[PDB]
Amino acid sequence: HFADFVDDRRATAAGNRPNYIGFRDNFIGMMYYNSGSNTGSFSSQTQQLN
Amino acid sequence: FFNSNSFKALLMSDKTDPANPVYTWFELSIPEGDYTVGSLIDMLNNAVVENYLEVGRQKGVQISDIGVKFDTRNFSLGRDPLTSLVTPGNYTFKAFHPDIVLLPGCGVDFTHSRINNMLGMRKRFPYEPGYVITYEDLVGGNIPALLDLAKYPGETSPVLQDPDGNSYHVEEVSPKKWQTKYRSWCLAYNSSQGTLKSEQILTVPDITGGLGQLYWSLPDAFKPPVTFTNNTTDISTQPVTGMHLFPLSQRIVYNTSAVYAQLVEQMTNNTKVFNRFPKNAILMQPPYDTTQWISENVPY
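Chain order of the listed sequences is B and M.
Going letter by letter, the first sequence gives residues 254 to 303 in PDB author numbering.
Going letter by letter, the second sequence gives residues 102 to 401 in PDB author numbering.
Right, here's the structure in full:
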């Protein structure tokens, strides 16, 4: 990007800030834990109770 | 949300020195609101001629070629069966039931919409998927021609030159017996032939439209019913703890202060829209039915 700009000729440049984007540690936030809104279930069949 | 605004009408939109224009199926729309069958059929004709103004007249088609019109009054009320015209020279300015008048190669679709229930037409088989009220499906029951005031001692005059150059497209099936090209849904219902009685039905105009039932579903406290399942966890399918009819009822009003009151309104609030054909005698301002069903919302 530009770090100082006056004219199209005279201007200094500096590289953009390093922005590492990846997943979380232990893949936190992939899955809805602690929710009544989005509650996953491990329910048995025939006795359907969660 | 309830799919009661948008539909298809198959309007003619080309001029190729006539012989064969392409008909070009398209979809219509209307803005949402709280409407009544008197005020809606004023603006549902506006939804037809809205696509006349940017595809039709920007192509070159004649002014009196509006394909689908939603009419309210009965034709052939002054028509005696001996003289094939209508006797007073004007079709009777009184609405009975909302119907559809059409042109060749010009249907109307009611597949994904629910305006047919709130116009007053259904099938006799509610379980077949979709239906299009095409031309040559309401066969039999053409709108007749008319007689003018002048030269009636001496001639019968089915002439069409009076409405500022709008052609009626009158037809001659039998010698000296005259029909037109338009076909109404009312005259094709009580026709001497039939074939529309076997698959259509007359009903109340039904401003609600027959809404679906409103299901109660609550998983966290109630045990499920007999055949339902706990584990789906979807907004669509849940264990239903009860159904009832959707709380949207109809309030009636009726008066001898009918359609003449519509003439008083259009003298006020100075307005040329809804009335782009004041003197066509087919595409005129349609009469209100004598009773209007107002839809309220009672707490259930």
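Heads up, the beta-carbon is just placed ideally off N, CA and C, and yes, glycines get one too.
Run of the beta strand (DSSP E) containing residue i, from where it starts to where it stops
i: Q301 of chain M; result: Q301 to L303
i: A362 of chain M; result: No beta strand (DSSP E) contains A362 of chain M, which is instead part of the alpha helix (DSSP H) from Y361 to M368.
i: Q298 of chain B; result: Careful: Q298 of chain B lies outside any beta strand (DSSP E) and carries neither H nor E.
i: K170 of chain M; result: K170 to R174
i: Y316 of chain M; result: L315 to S318
i: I201 of chain M; result: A196 to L203
i: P245 of chain M; result: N243 to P245
i: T392 of chain M; result: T392 to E397
i: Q351 of chain M; result: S350 to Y355
i: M344 of chain M; result: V341 to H345
i: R284 of chain M; result: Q280 to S285
i: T265 of chain B; result: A264 to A266
i: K224 of chain M; result: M222 to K224
i: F255 of chain B; result: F255 to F258
Cβ of residue i within 8 Å of any chain M Cβ
i: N303 of chain B; result: yes
Residue i at chain B interface by Cβ criterion, 8 Å
i: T328 of chain M; result: no
i: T338 of chain M; result: no
Under 8 Å by beta carbon: chain M residues contacting residue i
i: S296 of chain B; result: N331 and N332
Endpoints, alpha helix (DSSP H) assigned at residue i
i: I142 of chain M; result: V138 to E151
Residue-level contact to chain A via CB, residue i, 8 Å cutoff
i: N175 of chain M; result: In the structure shown, chain A cannot be found, because the protein chains are B and M.
I'd like the ranges of any beta strand (DSSP E) spanning at least 3 consecutive residues and lying wholly in the stretch 112–137 of chain M. none
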